[PDB]
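S.K.: fold the following for me, if possible:
(5 chains, ligands or ions: 5)
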Amino acid sequence: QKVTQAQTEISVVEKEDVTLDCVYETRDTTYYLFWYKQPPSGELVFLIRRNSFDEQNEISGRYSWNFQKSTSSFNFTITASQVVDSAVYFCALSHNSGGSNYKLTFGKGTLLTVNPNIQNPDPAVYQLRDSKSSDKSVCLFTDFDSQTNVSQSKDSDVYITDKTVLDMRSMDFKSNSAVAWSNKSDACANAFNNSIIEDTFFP
Amino acid sequence: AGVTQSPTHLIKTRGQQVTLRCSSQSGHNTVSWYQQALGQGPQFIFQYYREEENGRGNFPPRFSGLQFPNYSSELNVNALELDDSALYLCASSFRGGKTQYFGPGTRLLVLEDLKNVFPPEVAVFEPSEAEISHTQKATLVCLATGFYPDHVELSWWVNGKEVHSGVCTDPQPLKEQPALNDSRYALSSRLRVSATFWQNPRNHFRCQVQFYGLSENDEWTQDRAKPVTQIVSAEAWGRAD
Amino acid sequence: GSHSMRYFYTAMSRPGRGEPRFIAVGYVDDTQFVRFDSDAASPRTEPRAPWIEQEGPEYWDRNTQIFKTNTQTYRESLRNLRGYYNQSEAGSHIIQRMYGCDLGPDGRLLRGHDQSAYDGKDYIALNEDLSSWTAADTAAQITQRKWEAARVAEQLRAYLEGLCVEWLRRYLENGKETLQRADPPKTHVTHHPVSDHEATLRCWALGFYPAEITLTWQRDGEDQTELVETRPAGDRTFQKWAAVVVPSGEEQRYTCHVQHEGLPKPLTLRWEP
Amino acid sequence: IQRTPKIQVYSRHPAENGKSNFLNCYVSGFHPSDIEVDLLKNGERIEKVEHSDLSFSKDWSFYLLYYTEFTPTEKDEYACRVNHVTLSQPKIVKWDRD
Amino acid sequence: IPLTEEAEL
Ligand SMILES: *[C@@H]1O[C@H](CO)[C@@H](O[C@@H]2O[C@H](CO)[C@@H](O)[C@H](O)[C@H]2NC(C)=O)[C@H](O)[C@H]1NC(C)=O
Ligand SMILES: *[C@@H]1O[C@H](CO)[C@@H](O)[C@H](O)[C@H]1NC(C)=O
Ligand SMILES: [Zn+2]
Ligand SMILES: [Zn+2]
Ligand SMILES: [Zn+2]
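M.R.: Residues are numbered from 1 along each chain as shown, chains lettered A, B, ... in the order given. Ligands and ions are numbered 1, 2, ... in the order given. See below for the structure:
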């Protein structure tokens, strides 16, 4: 049969509880449910194994699972989400397809992203110069709140990157940033026509 | 060391033969191969058991496989197409509890021609002197441009230690011009550290960029050098002005 | 009404005479309903019961593929146990296994069973609790050690309480005219003189289901009795009789008592000339 | 591991001269599986015989049922020849209508 | 239906 994860992408902030929704449809009674985390490296790590005869509620650490047979859903809940928890989470189902084989069936995939909780937002636009004896210039938009969305270059020769993703193991420093650059004339002041706001530093 | 998969990244032309290999754990007896598209989840290719195929799902006969008695497996795929470019994952179990321990995977890419492959141009950028006054922090910006294809791993090395704190990179690179299908890519990453740590002239910073391109076996006939798998990095030392 | 399910696997080795042979038969109550053999050139799951023939082709391709992988599974099991005892490669050995779920009158399982054997000796078994195992010898611990870490008993607890109970129940409804309807036996008493002082009184019970039956001989004071027991008839019914050598002349004193499920009340029989 | 086979020779229905019936030879409780079972018609072999399915009892002892079509007569004596590794010479068990 | 997947010995 089939597995469905309706949530396409999720945007949360640190220390916030985020739940993941995974529903399945399956007429045959015996099956084994699973949850996998896929960091950007590409591999899937083994998180949980749930069965048909198991209980309804089961919590381990910050992870709290909710398996019920009436709703036929295995909705996952992440408590106090951290930056390291940002990955793609799959729920699989080990059913009988054909014979002598319990095959796995993975859902669409839920993108979870944890943006930094900027308690003191101080947005600013600085300019950087090539270190190694060159003059190519780069413009930087940094230290803005997680609720800001910018991604439109609106120009061919001008390049603009959108908001980044922090490293999972990044314990110490957590900030949002965006970088623009070009090699033509006409420049840092016009760099951001995307949601340029009141409290912006322009050196 | 239970889970391995070789190779990691591979580039082939349309209509060739590839052979992906995998090593099982010490206590496992089955191998299940999967194919994950960029948007979809891992789709189930065949599963092997004791050198005899156990069962396959929704894949043509050109996708083939083989299992060796030392728990080593293969994935002999013939007659490649452009849509066969996906992440190929390897699983393992032992016919007991149905739990699949996945491997690191293999990023396969199939192209029509290899005349567009290019290594990146990496260059770091020193922080702004006005940023030192405003935030008391120092932001190092790295930029790799003019490279094809897409997958590149960008790591920051500070004092010979791969640091993860204060690092952030764009989710996906940027097409230089969206009008062209074969347009080159560009990726950027940032590193933030305290100003005093940057104003020290005895601290160095390096932006490693791992690029996965062609291999030795593939032939090159262009005037420029073969764009083989190489690491292109850029380094910068501290300054106090 | 009542329900029981059993599966009888059997794997024997024939060194030099070919690959090991695997035989599997299925049972509901005392009625065999599945048959599989590895030596047939067309090895397919054959049925032996009228109520199961209703199942579609996906059911039979499933049961055939399962046994077609179990023949390779036990062939390695024969090679593995051969290494535990370092037995010679020219020796014939056999592995037997029994499992299944037992449903209760309320509708749920009472006792799930799983047990294996080697060369007629108990090898390994699943406990009353479905989680653990019980080893018989030193080599059984080797296989036990693997299944402790691979959660093999985890699979059985999900199967015995899941698909087995769900399908043992489906079989009760598809064949309730024979599986939930017991047939009392056709009982009669015979006699054949052996000597002038002795005589044989044989009490017959014919065509009964299920197999459980009690046949005893008694003199009004107490009960004595030759008892060849429960042979099959070939029509899914069994036949049984009990005899006793009686003094010729005092023949009428002996009574035959029958205890069966299909009987509304226990019977008492006397040889009436 | 070493087990002697038990033999029962009987009929599916009460034997009546002239009427059709089934002659059954029910071997049970024998180890190992390998066994030679023949049905004899006054000393000659009976061709095209059928056997039941190989299963075992709860004591891990095998039992088979060899059957065939038979019309009992007064002058025809049938028997069951069973050979096994347990006993050296072939065993014969004549049929009794009672 | 029998047991879907069998362990080995
Ligand atoms: C698990 O999460 C899903 C996410 O939608 C919930 O889905 C509901 O499922 C029921 C039947 O399964 C439908 O009637 C509802 O319409 C679904 N919700 C929506 C918004 O469409 C499901 O309820 C959740 N389960 C539990 C136990 O919380
Ligand atoms: C298994 O054996 C083959 C030889 O056929 C060898 O190529 C392979 O590397 C071996 N694998 C391991 C994990 O030793
Ligand atoms: Zn400020
Ligand atoms: Zn990579
Ligand atoms: Zn179908």
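S.K.: need phi/psi at the most far-flung residue of chain C relative to its centre.
M.R.: What lies farthest from the middle of chain C is residue C:196; by C-alpha atoms, centre = their mean that is 43.2 Å. Main-chain dihedrals, residue C:196, degrees, to the nearest 10: phi -70, psi -20.
S.K.: please name the nearest non-neighbouring residue to residue 6.
M.R.: By default, I'm working from chain A. residue A:21 (5.8 Å; C-beta to C-beta, 6 or more residues apart in numbering or on different chains). Placement of C-beta: from N, CA and C, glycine included.
S.K.: nope, chain E
M.R.: Nearest to residue E:6 is residue C:73, by C-beta to C-beta, 6+ apart, at 4.8 Å.
S.K.: so what's that neighbour up against?
M.R.: Counting by C-beta atoms under 8 Å, 6 or more residues apart in numbering or on different chains, residue C:73 makes contact with B:95, E:6-8.
S.K.: distance of residue C:105 relative to residue C:262?
M.R.: Separation of residue C:105 from residue C:262 (C-beta to C-beta, to the nearest Å) stands at 17 Å.
S.K.: neighbour count: the two, which is higher?
M.R.: More crowded of residue C:105 and residue C:262, by other C-beta atoms under 10 Å in any protein chain shown: residue C:262, with 13 against 9.
S.K.: and the more buried one, that's in a strand?
M.R.: No. Under DSSP: H, G, I helix; E, B strand; the rest coil, residue C:262 sits outside any strand and is assigned coil.
S.K.: residue 3: neighbour count?
M.R.: All of this refers to chain A. Residues contacting residue A:3 under the criterion other C-beta under 10 Å number 22.
S.K.: wait, chain E
M.R.: Residue E:3, neighbours per other C-beta under 10 Å, totals 21.
S.K.: assign a three-state SS to it, would you?
M.R.: Per three-state DSSP, residue E:3 ends up coil.
S.K.: next up, the contacts around the closest residue to ligand 1 within the stretch 101-250 of chain C.
M.R.: Nearest residue of the stretch 101-250 of chain C to ligand 1: residue C:162, at 21.0 Å (C-beta to the nearest ligand atom). Contact analysis of residue C:162 by C-beta under 8 Å, 6+ apart lists A:29-30, A:52-53.
S.K.: so residue D:3 touches residue D:33, yeah?
M.R.: No. Contact criterion C-beta atoms under 8 Å: residue D:3 and residue D:33 do not qualify, at 10.8 Å.
S.K.: what does chain A put close to chain E?
M.R.: Within chain A, the residues that sit near chain E (C-beta under 8 Å from any C-beta of the partner chain) are A:96, A:99-102.
S.K.: which members of these are the farthest-apart pair?
M.R.: A:99 and A:102 (10.5 Å; C-beta to C-beta).
S.K.: still on that earlier bit, where neighbours are concerned, which of the contacts of residue C:162 has the most?
M.R.: For the contacts of residue C:162, neighbours tallied by other C-beta under 10 Å; top is residue A:30, 24 neighbours.
S.K.: give me the nearest residue to it, chain neighbours excluded.
M.R.: In space, residue A:30 is closest to residue C:162, 3.4 Å off (C-beta to C-beta, 6+ apart).
S.K.: any idea how far the residue nearest to residue A:6 is from ligand 2?
M.R.: Residue A:21 sits 40 Å away from ligand 2, taking C-beta to the nearest ligand atom, to the nearest Å as the criterion.
S.K.: residues in contact with the residue nearest the centre of chain B?
M.R.: In chain B, the residue lying closest to the centroid (C-alpha atoms, centre = their mean) is residue B:151, at 5.0 Å. Going by C-beta under 8 Å, 6+ apart, residue B:151 touches B:9, B:107, B:109, B:212.
S.K.: can I get those in a markdown table with secondary structure and distance to residue C:54?
M.R.: Listed next are those as a markdown table, based on DSSP: H, G, I helix; E, B strand; the rest coil; distance: C-beta to C-beta, whole Å:
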| residue | secondary structure | distance to residue C:54 |
| --- | --- | --- |
| B:9 | strand | 54 |
| B:107 | strand | 50 |
| B:109 | strand | 51 |
| B:212 | coil | 57 |
